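Written below as structure tokens is the structure these notes are about.
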Amino acid sequence: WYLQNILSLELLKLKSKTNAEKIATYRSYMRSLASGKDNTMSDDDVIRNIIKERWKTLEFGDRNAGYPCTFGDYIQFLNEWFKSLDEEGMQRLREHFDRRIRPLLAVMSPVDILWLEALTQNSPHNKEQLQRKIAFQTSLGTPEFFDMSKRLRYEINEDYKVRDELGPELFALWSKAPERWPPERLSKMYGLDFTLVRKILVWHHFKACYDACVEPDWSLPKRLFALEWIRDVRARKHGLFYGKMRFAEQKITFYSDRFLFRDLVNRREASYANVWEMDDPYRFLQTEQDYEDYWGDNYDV
Amino acid sequence: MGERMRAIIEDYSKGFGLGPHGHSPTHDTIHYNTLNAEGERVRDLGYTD
Amino acid sequence: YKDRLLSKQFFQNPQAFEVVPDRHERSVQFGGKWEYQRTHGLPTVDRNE
Amino acid sequence: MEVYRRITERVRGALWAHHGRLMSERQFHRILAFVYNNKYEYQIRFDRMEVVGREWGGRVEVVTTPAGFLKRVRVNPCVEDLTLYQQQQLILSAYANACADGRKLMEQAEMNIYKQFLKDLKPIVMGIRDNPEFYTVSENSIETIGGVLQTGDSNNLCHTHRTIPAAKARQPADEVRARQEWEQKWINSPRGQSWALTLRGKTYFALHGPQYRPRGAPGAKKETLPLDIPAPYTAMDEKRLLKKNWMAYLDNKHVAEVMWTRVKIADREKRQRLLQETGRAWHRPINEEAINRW
Amino acid sequence: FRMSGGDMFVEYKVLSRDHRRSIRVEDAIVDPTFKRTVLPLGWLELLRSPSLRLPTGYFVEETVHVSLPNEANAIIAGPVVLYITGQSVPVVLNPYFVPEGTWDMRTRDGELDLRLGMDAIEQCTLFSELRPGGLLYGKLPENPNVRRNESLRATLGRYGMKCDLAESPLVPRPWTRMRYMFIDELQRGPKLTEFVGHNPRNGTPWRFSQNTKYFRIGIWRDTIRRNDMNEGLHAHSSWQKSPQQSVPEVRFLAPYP
Amino acid sequence: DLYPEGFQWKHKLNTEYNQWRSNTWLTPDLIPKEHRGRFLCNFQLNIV
Amino acid sequence: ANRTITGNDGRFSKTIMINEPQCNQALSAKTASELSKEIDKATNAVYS
Amino acid sequence: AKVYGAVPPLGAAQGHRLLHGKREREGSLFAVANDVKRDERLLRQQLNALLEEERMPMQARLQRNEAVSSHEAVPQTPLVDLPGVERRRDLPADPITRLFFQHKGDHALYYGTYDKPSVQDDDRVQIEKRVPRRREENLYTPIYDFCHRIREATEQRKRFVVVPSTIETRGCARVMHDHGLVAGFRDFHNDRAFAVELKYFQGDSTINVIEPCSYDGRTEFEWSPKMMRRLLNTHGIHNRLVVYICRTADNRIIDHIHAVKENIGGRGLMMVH
Amino acid sequence: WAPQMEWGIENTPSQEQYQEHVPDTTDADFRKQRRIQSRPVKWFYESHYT
Amino acid sequence: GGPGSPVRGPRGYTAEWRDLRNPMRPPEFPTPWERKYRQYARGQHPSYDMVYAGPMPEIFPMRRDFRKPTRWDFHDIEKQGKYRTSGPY
Amino acid sequence: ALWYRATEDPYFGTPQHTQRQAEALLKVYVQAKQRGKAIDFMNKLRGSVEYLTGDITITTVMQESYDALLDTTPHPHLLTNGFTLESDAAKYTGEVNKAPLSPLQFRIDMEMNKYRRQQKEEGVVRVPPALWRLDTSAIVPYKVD
Amino acid sequence: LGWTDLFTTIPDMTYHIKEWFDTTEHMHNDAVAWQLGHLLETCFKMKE
Amino acid sequence: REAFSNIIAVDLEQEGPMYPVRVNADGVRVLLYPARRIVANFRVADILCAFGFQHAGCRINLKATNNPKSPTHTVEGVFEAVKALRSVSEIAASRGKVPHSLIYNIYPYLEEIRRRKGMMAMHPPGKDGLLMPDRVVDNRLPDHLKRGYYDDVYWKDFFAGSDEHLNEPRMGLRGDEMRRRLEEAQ
Amino acid sequence: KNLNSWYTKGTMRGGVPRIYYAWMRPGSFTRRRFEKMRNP
Ligand SMILES: [Mg+2]
Ligand SMILES: [Mg+2]
């Protein structure tokens with residue numbers, strides 16, 4: 001079933017476009033004029049819709065009757081396949097799970113249980129009473145309000161999309177001499193705050209690495225966040241605990257308004273032979289205690 | 001329903017840039033189209049060659 | 001560059017380069033547990049050029 | 001930083017003011033990021049060289065990288081006999097004339113950067129004013145709910161300029177294709193054949209042939225046709241936002257509007273100052289009907 | 001790191017352990033014929049910074065024959081940090097300090113003929129340059145394990161390389177390994193973090209489910225009279241009236257719902 | 001931050017957010033007007 | 001230290017006042033080099 | 001192979017002790033013993049030096065660096081100046097609108113004490129010293145009623161308070177003004193009193209509570225450094241929120257934070273937050 | 001790395017942890033929420049710096 | 001060793017005048033100090049303290065923590081008895 | 001874990017991995033019937049520093065044991081030496097004798113998947129030339145003892 | 001001569017600047033720009 | 001509904017009071033102080049748990065036997081106390097001072113102060129970034145002119161159904177597409 | 001030197017859950033009114 005429906009594209013036929021349709025579509029794609037039909041749907045989107053509804057319309061049961069698969073048959077293939085997984089295989093799996101299932105796992109509700117069982121066409125214990133209960137309760141809202149397909153639809157901060165950060169920026173440069181490319185040069189690219197943009201840079205580096213089929217620098221998150229690293233190390237040594245320091249446990253000292261002046265004139269008057277000296281990753285460290293806190297993790301160093 | 005209706009409408013229909021008095025439509029102390037003073041100015045003029 | 005890159009990619013996983021791929025699972029590594037320090041990233045171009 | 005961000009906001013704002021197009025925050029910041037990295041490159045290369053300032057006679061010498069860093073100081077034993085105060089002032093003034101020379105260099109460099117930046121903005125800017133629908137009215141013409149009123153005075157003084165040939169479109173692209181047509185016409189001619197064997201010819205081919213760049217050599221390997229981003233004909237960030245969430249739409253259009261207003265206010269301030277400097281305008285409002293009577 | 005004449009030149013920075021004292025070296029050969037990196041003996045006193053943890057400047061100071069470069073003709077001194085221009089990770093040598101007589105590298109005027117050995121290559125990204133196809137592979141000392149003149153694809157071909165990267169449809173393409181990247185601030189917001197236990201670190205994120213003894217009467221009263229408010233501990237359960245259940249990683253700052 | 005922004009998303013109505021995330025929506029009589037559509041939370045009732 | 005320059009700080013505002021009523025507010029070399037400190041330490045302050 | 005900072009290449013003719021290795025002199029047990037002891041205490045001495053450089057306060061370091069900076073070869077004599085530039089200036093005040101006149105320090109001979117005040121600021125009422133009418137009553141202190149003045153003036157939301165002027169009282173004021181619990185303060189060199197300007201924020205005061213340490217003058221509480229150190233610690237988190245003021249043997253009025261810094265104990269005055 | 005901390009679930013013996021005797025079996029302690037235990041020598045297979 | 005300890009006690013130029021030298025003049029033996037350290041030693045090096053560190057972010061999100069069966073989660077009210085179960089664990 | 005602790009331990013540890021350690025670990029992987037780890041380890045080894053130095057070497061014993069376990073354990077896409085035929089699989093396969101995979105059909109499906117891939121990625125496929133034919137000459141079928 | 005834009009007749013201006021910037025709230029340069037600007041327009045520019 | 005009218009909230013950034021709160025409800029003297037954990041009377045305790053306090057500890061009326069003691073008093077007391085509590089941030093702003101916790105935010109600022117030396121500090125000579133309009137530009141065209149204006153750059157009939165870009169929206173259209181408009185109209 | 005460990009501070013209430021913040025209070029999280037310039 002999986003081979004015929006999902007994997008074989010060549011057997012998939014699409015409704016053929018008329019000549020008028022071909023023209024209107026072309027001229028829509030090449031040059032946009034406002035007020036137009038917002039749909040203009042890519043045959044890519046269409047195709048993927050047909051596939052996902054092929055996953056909708058898949059039902060199990062006796063296959064001497066209509067449907068293709070025994071349930072036992074399905075979980076059998078599933079079991080053979082799950083044992084069959086490599087490292088990056090089950091990595092792809094767990095990513096796929098974190099992206100699709102996991103958020104749904106957070107947004108569920110009793111109101112869905114019937115629908116939740118309609119996926120496998122399994123019959124519940126209480127099915128009539130759940131019919132009644134869920135009918136009465138879904139009565140209290142819009143039908144769009146209650147369907148689990150649409151509950152994830154909006155995401156804050158639409159200016160930077162995860163889809164668009166998949167291609168990492170200027171990867172054809174900082175690949176080739178990663179030392180000449182401190183986090184600053186790239187951080188001018190994003191209109192976000194500090195913690196967020198450094199976070200994003202880490203993700204860029206990792207995506208890039210996995211893309212080029214080489215292993216990523218795991219010391220990179222420690223390098224970009226170095227100040228946060230050392231603050232956490234010294235906090236862990238101070239309050240005795242293992243974890244990451246959170247806000248409640250910060251010192252209650254109140255600095256004066258001008259407290260930063262000394263450091264301000266020290267920074268404003270600094271000077272550097274080259275730009276590498278300006279931002280090297282290790283300028284955070286002076287005493288030996290600094291070097292002992294920064295590398296305590298690698299028993300190599 | 002009505003309130004967010006109004007919010008969307010007032011936000012989409014708001015003007016921007018500088019007017020004839022050299023200021024924003026939302027500027028603090030100085031105003032434009034007082035008592036439909038421009039509306040009437042179109043009433044009596046009209047647009048024709 | 002293409003060869004330095006090729007080699008690094010190959011010693012990352014060999015199973016990417018097989019026509020019929022065998023099972024690819026991570027094993028131990030000879031440099032240490034921190035071996036990534038001596039391994040990672042992409043081949044680097046000479047800085048003069 | 002400032003001179004750039006002002007111009008970029010000019011572009012973004014204008015882009016939404018004239019046509020209904022929004023620029024993606026992503027894009028807006030990545031322009032600036034490119035300026036920044038340009039400056040950074042110029043810095044990288046600027047530190048490989050040194051500038052020498054010199055004070056009295058030649059007897060106080062200061063060697064400093066153009067960024068203002070100090071590398072060496074040479075001094076006559078004459079200086080050693082002065083005072084600590086005067087020694088300090090002397091060296092400090094040499095350092096100053098060094099920083100001066102360096103800063104002259106850097107400012108040429110920066111002029112160069114500004115030019116590259118402009119050249120990179122040009123397909124966008126000339127993207128918005130080179131369309132058959134683009135227009136402007138004089139800033140002194142009254143605007144009323146129907147449309148814009150006619151400025152009365154000096155019917156000679158108003159000249160409408162036109163950037164577009166009104167007959168069939170000749171785009172910049174046709175001009176570049178014309179340029180390479182003339183390149184080939186010149187090359188393939190007999191006199192051009194003899195010229196391609198000169199030093200001038202091979203300088204031309206080394207700089208401006210990309211086609212002959214060996215595989216893996218830095219730089220573009222084809223000649224590129226000039227980018228075409230016609231503003232009213234290309235949907236950019238408003239269509240994606242309108243499909244996804246209305247709220248981000250309203251917020252981004254709001255940002256563009258605000259930026260445009262701000263730019264316009266700046267232009268009004270500069271105009272006012274230039275008007276005061278030449279004495280046509282007073283230093284406090286003397287004409288309040290120009291404000292209160294609307 | 002640059003290339004000339006067939007070999008590498010790298011800038012590096014030698015440093016004491018406390019990084020009090022430092023020396024730059026501009027062009028150093030990267031040569032993997034040296035088991036251990038060699039410096040001029042004179043630097044031993046220049047690099048000695050007697051801190052608190054090392055009352056004498058160095059942890060290790062001894063005499064070795066050191067006849068490899070050219071009976072105790074040299075001195076092993078450790079540990080001196082070394083920062084190479086390309087690499088993000090410091091490399092920690094215990095170098096041979098050689099006097100003038102043992103070996104004198106003055107070799108050209110102003111030029112000290114310093115080089116880097118496998119002491120420091122093992123610790124850098126430079127090490128990946130040591131494998132077949134790299135730029136140091138030519139300069140490895142001859143072995144049964146290292147074939148001198150073989151083409152790269154010949155060698156890797158023997159190790160079992162068949163086609164190019166992900167060329168066969170059976171192996172997934174490298175860049176689909178990571179498709180989605182999760183950043184809380186850019187999408188759906190932060191998690192709602194609760195705990196049952198002593199602290200956030202000592203407890204579980206989970207509340208107790210509906211099947212608890214103390215929750216059953218309450219949940220009952222809550223199913224039957226749905227509209228009025230009900231007393232109980234049944235509030236603390238993972239299950240409740242509202243369509244939004246309490247389970248870990250609820251995104252509560254998300255616009256929808 | 002003395003006066004933080006708080007929850008700013010208008011994609012649903014206040015009453016729809018309230019409805020989904022709060023049990024308090026089920027008891028409209030027990031809540032004053034100023035708090036009516038304003039709560040996203042579940043409340044426990046303890047009778048002393 | 002000389003009580004030549006005095007100040008008054010509100011939450012977000014800063015007042016630097018030159019006090020030398022005897023010589024008619026004529027600043028000495030020390031007092032001026034001091035003022036260029038108080039001015040930029042007041043001006044580079046976080047809350048001003 | 002170009003080398004920077006390494007001074008003449010290959011140094012100059014210096015072999016190590018172990019490498020050169022001249023034949024070891026046989027010292028009598030005397031010589032050897034003495035070598036061991038002098039070089040042992042040489043190492044001890046060095047360890048001391050390093051610890052002292054580690055523990056040096058920043059102010060000390062700055063004074064040192066800028067002292068060396070100005071250093072000349074000859075120790076030059078001070079230059080004769082104007083008749084004087086160095087009179088501490090009088091803090092500015094307005095004569096016409098006033099709590100009190102700012103009295104010149106040039107009049108320092110005219111001044112009285114807190115007990116027997118010289119006639120000045122006649123146009124203003126004079127605060128009276130607060131003393132017990134009978135035996136069982138507490139014996140009041142300028143600190144006691146300083147705190148209660150401020151507390152009551154904070155409850156009535158007044159801008160200015162006229163308050164008793166003694167050494168530790170205006171000490172307390174300077175400390176509170178440091179921490180920003182008080183908008184400002186001034187001593188007009190009026191004998192009896194001086195004035196404090198209160199600060200309000202968000203409609204109520206900046207001072208939650210202000211309390212004296214002792215009710216009597218006959219009771220004097222001493223604060224161990226460990227106690228003042230306990231205050232700073234809220235179950236493992238460093239808390240400077242609340243301020244405690246105290247006298248030192250050195251007659252300084254300090255908060256508990258500086259006290260803990262230099263590990264000195266002091267006599268308690270008041271708490272405020 | 002996290003130091004081992006006393007009075008945990010797998011640390012504390014029965015009578016302090018629960019007021020009852022609970023049998024110590026190396027298989028399936030429901031109270032301790034573990035499925036199974038292979039019981040190697042504590043510090044042997046782990047790295048020492050850990 | 002602190003303030004409770006026993007006290008330590010205390011025209012021309014002195015012998016401590018000569019050892020001192022201007023940082024402007026090149027010193028005795030040209031010991032290759034690292035610039036960063038001499039910056040830090042005279043107090044002019046821009047500070048990076050723990051005060052400048054923000055939150056340490058979760059970068060790679062761990063795993064879903066699945067509900068671990070406890071003794072208070074049982075589908076029969078009987079299995080959690082008073083004679084058997086004294087608590088969830 | 002033991003293999004890491006071999007170079008991590010100051011007291012009992014060796015500076016570089018001894019050959020003894022290598023062939024020991026390999027022998028554990030052979031004796032665990034652990035395929036993936038054996039392959040990856042072998043390749044990692046021949047990519048190590050000790051290998052390039054000449055210190056560790058792949059011997060004939062390691063090599064042939066490696067091959068032994070490579071034969072006798074299940075391969076993900078293919079049937080392996082030491083896969084036992086099942087008489088009763090005829091219930092499904094349709095035949096009692098032969099092996100339940102045909103390398104020819106497997107190759108063909110590989111070609112098909114190659115085109116389906118080029119389509120999924122580029123949206124369009126180049127039609128092969130008319131002179132193009134799949135070369136099946138190099139394929140041999142499964143032999144069974 | 002246009003040496004400066006600002007002029008005022010108000011007594012003890014300094015106090016009013018202080019107390020005005022006490023009532024102000026945020027540090028975002030939007031806020032700062034408006035607060036400063038409004039201060040300037042209402043007093044130091046001579047509109048009225 | 002009287003309880004929802006009186007709702008209070010608590011800033012949990014600090015997770016418990018950072019100073020002692022001494023406050024009395026009518027006749028009931030209450031102390032809310034910082035503790036290592038939650039310590040309180042069972043009822044007061046799960047009231048303080050209702051706020052999400054980890055580190056608070058609280059006591060009502062010295063000795064527990066002290067009058068007046070009612071269930072009412074026990075509740076009203078702890079709620080009154082919590083309602084008198086000041087958050088640390090609020091305290092810090094109250095004195096016009098910067099909290100130790102919020103200083104990290106200044107870091108990027110301070111960072112590019114340090115990094116502004118050299119070219120990054122440099123501005124283009126001659127150019128302010130403020131460019132005033134001088135002339136008036138209008139490129140608009142009569143419809144018949146733009147009918148075939150973009151045929152070479154793009155396809156013919158470029159402006160076809162475009163309502164904003166044409167004075168005659170229906171020109172250039174082939175009959176079918178003209179019919180479509182009316183078709184949706186009726 | 002601070003012998004109370006932040007590791008163990010608290011009181012188990014049994015089933016009663018309470019919220020904690022990873023960093024700041026959730027209300028202070030999205031700053032969009034100054035970011036997207038919606039303010040008076
Ligand atoms: Mg300092
Ligand atoms: Mg009684």
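Ligands are numbered from 1 in the order shown, residues from 1 within each chain, and chains are lettered A, B, ... in the order they appear in the structure tokens.
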
Report task. Please identify the residues whose atoms come within 9 Å of ligand 2, using only C-alpha atoms and all ligand atoms, and report them as an NGL selection string. Result -> :M and (65-67)

Requested in this report: Please identify every polymer residue within 12 Å of ligand 1, using only C-alpha atoms and all ligand atoms, and present the set as a PyMOL selection string.
Outcome: (chain A and resi 259-267) or (chain H and resi 57-63+65) or (chain J and resi 39-48)

Query - For chain E, the nearest of the candidates D:193, D:140, D:245, D:86, counting only C-alpha atoms - result: D:245

Report task. Dump as a ChimeraX atom specification the residues of chain F that approach chain D to within 9 Å, counting only C-alpha atoms. Result -> /F:9-11

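Here CA of residue 1 (chain M) stands at a distance of 28.6 Å from CA of residue 111 (chain A).
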
Requested in this report: Name the residues of region 16-102 of chain K that come out as alpha helix (DSSP H) in a backbone DSSP run; write them as a PyMOL selection string.
Outcome: chain K and resi 19-31+35-45+49-53+60-72+90-93

Query raised in the report: Which value, in Å to one decimal, gives the distance between CA of residue 111 (chain M) and CA of residue 124 (chain M)?
Result: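 If I compute the distance from CA of residue 111 (chain M) to CA of residue 124 (chain M), I get 23.0 Å.
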
Requested in this report: Can you work out the spacing between CA of residue 125 (chain K) and CA of residue 9 (chain C) in Å, to one decimal?
Outcome: 28.2 Å

Query raised in the report: Which residues, written as a PyMOL selection string, have at least one atom at most 12 Å from residue 30 (chain L), with only C-alpha atoms counted and residues fewer than 6 positions away on the same chain left out?
Result: (chain D and resi 258+262) or (chain L and resi 36-37) or (chain N and resi 33-40)

Store the residues picked out above in a file with N, CA, C and O atoms, as a PDB file, in the first residue's frame.
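The resulting file, again_34.pdb, is reproduced below:
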ATOM      1  N   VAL D 258       5.408  54.105   9.690  1.00  0.00           N
ATOM      2  CA  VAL D 258       6.153  54.896  10.668  1.00  0.00           C
ATOM      3  C   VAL D 258       7.508  55.351  10.134  1.00  0.00           C
ATOM      4  O   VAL D 258       7.863  56.521  10.266  1.00  0.00           O
ATOM      5  N   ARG D 262       8.778  59.180   9.511  1.00  0.00           N
ATOM      6  CA  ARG D 262      10.004  59.648  10.150  1.00  0.00           C
ATOM      7  C   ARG D 262      10.966  60.267   9.155  1.00  0.00           C
ATOM      8  O   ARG D 262      11.446  61.384   9.360  1.00  0.00           O
TER       9      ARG D 262
ATOM     10  N   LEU L  36      11.598  63.904  25.738  1.00  0.00           N
ATOM     11  CA  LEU L  36      12.482  65.035  25.548  1.00  0.00           C
ATOM     12  C   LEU L  36      11.841  66.036  24.602  1.00  0.00           C
ATOM     13  O   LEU L  36      11.808  67.236  24.881  1.00  0.00           O
ATOM     14  N   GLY L  37      11.306  65.537  23.497  1.00  0.00           N
ATOM     15  CA  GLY L  37      10.712  66.396  22.496  1.00  0.00           C
ATOM     16  C   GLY L  37       9.537  67.207  23.002  1.00  0.00           C
ATOM     17  O   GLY L  37       9.391  68.382  22.658  1.00  0.00           O
TER      18      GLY L  37
ATOM     19  N   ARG N  33       5.501  45.560  21.550  1.00  0.00           N
ATOM     20  CA  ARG N  33       4.964  46.905  21.443  1.00  0.00           C
ATOM     21  C   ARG N  33       6.063  47.956  21.237  1.00  0.00           C
ATOM     22  O   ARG N  33       5.817  48.968  20.591  1.00  0.00           O
ATOM     23  N   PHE N  34       7.251  47.751  21.797  1.00  0.00           N
ATOM     24  CA  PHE N  34       8.379  48.612  21.462  1.00  0.00           C
ATOM     25  C   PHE N  34       9.126  48.174  20.223  1.00  0.00           C
ATOM     26  O   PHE N  34       9.801  48.977  19.587  1.00  0.00           O
ATOM     27  N   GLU N  35       8.987  46.901  19.871  1.00  0.00           N
ATOM     28  CA  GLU N  35       9.729  46.326  18.753  1.00  0.00           C
ATOM     29  C   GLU N  35       9.110  46.697  17.412  1.00  0.00           C
ATOM     30  O   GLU N  35       9.804  47.121  16.488  1.00  0.00           O
ATOM     31  N   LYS N  36       7.795  46.525  17.323  1.00  0.00           N
ATOM     32  CA  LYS N  36       7.054  46.791  16.103  1.00  0.00           C
ATOM     33  C   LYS N  36       6.495  48.200  16.132  1.00  0.00           C
ATOM     34  O   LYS N  36       5.703  48.580  15.277  1.00  0.00           O
ATOM     35  N   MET N  37       6.886  48.957  17.146  1.00  0.00           N
ATOM     36  CA  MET N  37       6.524  50.361  17.249  1.00  0.00           C
ATOM     37  C   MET N  37       5.021  50.605  17.358  1.00  0.00           C
ATOM     38  O   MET N  37       4.490  51.485  16.685  1.00  0.00           O
ATOM     39  N   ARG N  38       4.330  49.829  18.196  1.00  0.00           N
ATOM     40  CA  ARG N  38       2.996  50.236  18.629  1.00  0.00           C
ATOM     41  C   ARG N  38       3.090  50.789  20.038  1.00  0.00           C
ATOM     42  O   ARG N  38       3.107  50.051  21.022  1.00  0.00           O
ATOM     43  N   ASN N  39       3.133  52.105  20.117  1.00  0.00           N
ATOM     44  CA  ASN N  39       3.022  52.828  21.359  1.00  0.00           C
ATOM     45  C   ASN N  39       2.475  54.179  20.991  1.00  0.00           C
ATOM     46  O   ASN N  39       2.616  54.604  19.847  1.00  0.00           O
ATOM     47  N   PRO N  40       1.842  54.859  21.938  1.00  0.00           N
ATOM     48  CA  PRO N  40       1.398  56.219  21.650  1.00  0.00           C
ATOM     49  C   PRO N  40       2.561  57.144  21.303  1.00  0.00           C
ATOM     50  O   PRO N  40       2.365  58.108  20.564  1.00  0.00           O
TER      51      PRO N  40
END

Report task. Up to 12 Å from chain A, what residues of chain F turn up? Count only C-alpha atoms and give them as a PyMOL selection string. Result -> chain F and resi 7-13+15-17+19-21+25-26

Query - Who sits within 9 Å of residue 3 (chain C), only C-alpha atoms, same chain under 3 positions skipped, as number ranges by chain - result: C: 6-8; E: 133-134, 152-153
